[PDB]
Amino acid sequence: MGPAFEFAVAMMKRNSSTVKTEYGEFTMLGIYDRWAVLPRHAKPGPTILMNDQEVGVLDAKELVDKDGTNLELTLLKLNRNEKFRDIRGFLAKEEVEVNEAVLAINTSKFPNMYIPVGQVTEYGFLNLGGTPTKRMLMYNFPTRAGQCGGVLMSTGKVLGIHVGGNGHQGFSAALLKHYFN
């Protein structure tokens, strides 16, 4: 648990930001170059608020699998000269299962807060927000509004992004290496 927290803190410091869209406030994880990720329901427009700053969105892909089914992730290209530290090496080729994970949030609401969520299990199918959704990772923690975009990690691994909950369990969309080339 210790090293997983240490890893999470350094990842949030280097690669994470607080984002506001017309749809609420989110944690945002920068991945490589100028590409970052939000939950698809953040519904980012032409311009987002990133650490209170008007940033232009050059391009935005809502992710779907081979059937055209929703993965609940939007990739965003940001109009800024700073490049993110490339964290593709920390992203698995397939859904990861883990016994201890930490969920990391960085919003006005939950500023630099870290949650030990316990066991993460692959949960693949889930009817999320009414929508059938694949590649969900599940943890038994009472997750709330304001936590979306939260980054789920274990030692040296970025597992997924928090996208929903049913009041008793939370679910991350798996953040897979092939989404980023």
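We call the rigid core whatever largest set of C-alpha positions still superposes within 1.5 Å between the two forms. Heads up: residue numbers just count along the shown sequence, starting at 1.
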Q. Once the rigid core is matched, which of the two stretches, 8 to 16 or 167 to 175, lies farther off on average in 8 other deposited structures of this protein by C-alpha?
A. 167 to 175
(Q) Which is higher on mean Cα B factor in this entry, 147 to 155 or 132 to 140? (A) 132 to 140
Q.
Can you tell me whether 62 to 70 has a higher mean C-alpha B factor than 28 to 36 in this record, or the other way round?
A. 62 to 70
Q) When you compare the CA B-factors of 92, 105, 78, 102 as listed in the entry, which one comes out on top? A) 78
Q: Relative to the other modelled residues of the same chain, rank the CA B-factor of residue 117 and answer lowest, middle or highest third.
A: middle
Q) Can you tell me which third, lowest, middle or highest, the CA B-factor of residue 4 falls into for its chain? A) middle
